[PDB]
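The block underneath contains the structure these notes are about, expressed in structure tokens.
Heavy atoms only: backbone and side chains are in, while hydrogens, waters and symmetry mates are out. Counting starts at 1 for both ligands and their atoms, in listed order. A note on names: the letters A, B, ... follow the listed sequences, proteins ahead of strands, and every chain is numbered from 1.
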Amino acid sequence: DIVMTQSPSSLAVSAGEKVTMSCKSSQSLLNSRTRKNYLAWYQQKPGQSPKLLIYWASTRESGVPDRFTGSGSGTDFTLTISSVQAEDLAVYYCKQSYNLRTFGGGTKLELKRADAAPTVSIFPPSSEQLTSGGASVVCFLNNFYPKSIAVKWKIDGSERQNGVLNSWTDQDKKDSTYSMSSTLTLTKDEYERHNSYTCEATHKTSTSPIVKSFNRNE
Amino acid sequence: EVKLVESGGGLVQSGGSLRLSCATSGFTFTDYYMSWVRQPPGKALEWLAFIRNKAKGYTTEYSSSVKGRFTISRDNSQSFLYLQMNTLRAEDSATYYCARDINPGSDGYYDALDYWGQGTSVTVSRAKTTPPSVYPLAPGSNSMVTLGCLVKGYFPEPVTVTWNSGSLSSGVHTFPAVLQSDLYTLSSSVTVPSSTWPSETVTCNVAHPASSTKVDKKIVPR
Ligand SMILES: C=CCO[C@]1(C(=O)O)C[C@@H](O[C@]2(C(=O)O)C[C@@H](O)[C@@H](O)[C@@H]([C@H](O)CO)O2)[C@@H](O)[C@@H]([C@H](O)CO)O1
Ligand SMILES: [Mg+2]
Ligand SMILES: [Mg+2]
Ligand SMILES: [Zn+2]
């Protein structure tokens, strides 16, 4: 029962800045005989497997850039990244291997960038979906920052609330932006009762909603 | 080149059993400890078990959370790592990774999990397997154009999406699936120069391993 804990749970940093994150062990990970601390750091980028960064508390895995520095001893450990890059977006885990192996809870590192307006696209239901009695209308809102955004759907001017399912990507490892998808699902009967379908994005980059629509009777 | 490839993930009813495999190559298997680690959707990594190398008699250890319930083993002739999982619960739903552990008798011994497979996904649920429906997303009516595919109504996770067999990778966004009424839905967008569509073909490739579904859906104007 060695308990690992990390801090912070999450934070955000602009490219080129310095990042410090911490790891604590409920007991010492130090072998007094060999003088080694059994503590390693792993990087897990969105959609990838974990990757070994540092072991023995301070030894960099071969191939790992030197902006990544591991320090600490006994029960307290620190991973430092200087001149953080956009590609550094990831969850960082520390792990003891002094007594079996135990992972910490991770630190989610995000990157601050300049605000950016979403690019909004709307898509009517496909005839192949319609042919089966259902009707989904999709709205992509791509490459915005910051993450915080609200999408409203309007059917013939009035807000539709249910039938809506939303999903946000992880931050882009390249441009540090976010993207969101919003899908409105109706029966073909419902969809055929109305004409104007509207997707409206609220984002701090614009004082008025960002709107895309189409008419069924187009 | 060290390679580790997990297999055997899938849908399994609560209380049931399932055995994962991990095929290895590019190193002297019997020299190394091997570990299994898992990761529930959106949660932390959790170490589950290891099995020691030849010098150590291939003995095993387990985390409290699976001891008595999972069994880790290895086949030293075909160089495979296994994990038999029994009496499965919803909380066992996760991606499972095999990872090469230490060789303490090595002159280059360092203590870490240095190579990891791509992971195999496991879902523990009573819900039924259901293939996805894949619908094209084309504009109804400048510079760049965004197209997409809607992958609707499948169970369980995961599904994979690529565009033009991976040759379109830049400008793609595949959104995390969302669950609703025992069925997942996800979408993917791809953005290309309007000069290259529809003059060039754009097709999404969707696979759903649980139902062995493979789909190619061309996005044509309309
Ligand atoms: C330098 C290692 C010394 O002890 C060893 C050895 O033969 O070198 C290795 C030990 O490794 C483990 C283990 O449980 O097998 C895993 C390691 O990652 C680490 O956790 C150590 C632990 O710090 C030992 O206190 O254990 C182990 O095999 C060990 C025997 O248990 C005792 O000799 O032998
Ligand atoms: Mg992008
Ligand atoms: Mg209505
Ligand atoms: Zn033991």
Side-chain angles (χ1 to χ4, degrees), chain A residues 1-4 25-42 52 54-57 59 61 73-75 77 93-104 125 134-137 152-164 184-200 213 215-217, chain B residues 30-37 45 47-68 70-74 81 98-116:
Chain A
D1 77 316
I2 303 192
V3 172
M4 305 306 291
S25 182
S26 57
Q27 80 183 52
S28 184
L29 309 182
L30 172 69
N31 184 306
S32 52
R33 188 191 52 255
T34 63
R35 282 160 268 115
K36 303 287 193 193
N37 290 99
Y38 289 69
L39 186 278
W41 291 89
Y42 298 83
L52 172 61
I54 302 282
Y55 49 92
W56 296 133
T59 308
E61 161 77 301
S73 182
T75 49
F77 302 93
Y93 296 95
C94 65
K95 181 219 67 193
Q96 69 86 18
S97 60
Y98 182 76
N99 179 182
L100 306 184
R101 293 91 172 81
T102 303
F103 283 96
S136 304
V137 190
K152 281 186 204 176
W153 284 93
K154 285 180 171 176
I155 295 167
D156 286 336
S158 312
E159 182 165 2
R160 169 92 186 197
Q161 310 99 329
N162 63 310
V164 176
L184 166 69
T185 302
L186 272 14
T187 62
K188 173 168 135 68
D189 284 341
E190 308 164 62
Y191 173 63
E192 293 189 334
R193 293 169 198 160
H194 300 288
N195 221 286
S196 185
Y197 289 87
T198 292
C199 173
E200 292 188 302
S213 42
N215 300 296
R216 216 190 82 262
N217 88 162
Chain B
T30 60
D31 269 358
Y32 290 86
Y33 290 32
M34 300 291 293
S35 280
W36 281 101
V37 170
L45 300 165
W47 178 85
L48 301 182
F50 70 56
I51 177 164
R52 303 187 166 88
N53 59 4
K54 179 154 153 51
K56 229 87 210 199
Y58 306 125
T59 53
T60 57
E61 313 282 352
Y62 299 92
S63 68
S64 300
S65 58
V66 305
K67 187 153 72 182
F70 292 13
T71 301
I72 196 190
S73 63
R74 70 200 285 158
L81 175 74
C98 76
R100 194 176 85 163
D101 215 307
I102 66 174
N103 178 9
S106 181
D107 283 344
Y109 161 57
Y110 60 99
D111 200 299
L113 308 183
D114 68 348
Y115 287 86
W116 295 58

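Looking at B/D111 next to ligand 1, an N or O pair under 3.5 Å apart turns up. At a 3.5 angstrom cut-off on N or O pairs, A/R101 counts as close to ligand 1.
Closest to atom 14 (O) of ligand 1 among all protein heavy atoms lies B/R52 NH2, 2.7 Å. Regarding atom 23 (O) of ligand 1, its nearest protein heavy-atom neighbour is A/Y98 O, 3.0 Å. A/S97 O, 3.3 Å is the protein heavy atom nearest to atom 19 (C) of ligand 1. Summary of contacts: the protein heavy atom closest to atom 8 (O) of ligand 1 is B/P104 CB, 3.9 Å. Scanning all protein heavy atoms for the shortest distance to atom 12 (C) of ligand 1 gives B/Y33 OH, 4.3 Å. Annotation: atom 3 (C) of ligand 1 to nearest protein heavy atom, A/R33 NH2, 4.5 Å. At the top of the distance list for atom 9 (C) of ligand 1, counting protein heavy atoms only, stands B/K56 NZ, 3.6 Å.
Residues A/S136 and A/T185 have side chains that bring a donor and an acceptor to within less than 3.5 angstrom of each other.
Only the side chain of B/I102 comes within 4.0 Å of ligand 1, counting heavy atoms alone; its backbone N, CA, C and O stay farther away.
Between A/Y38 and A/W56, the ring planes are perpendicular. Angles over 60° get that label, and only those under 30° would be called parallel.
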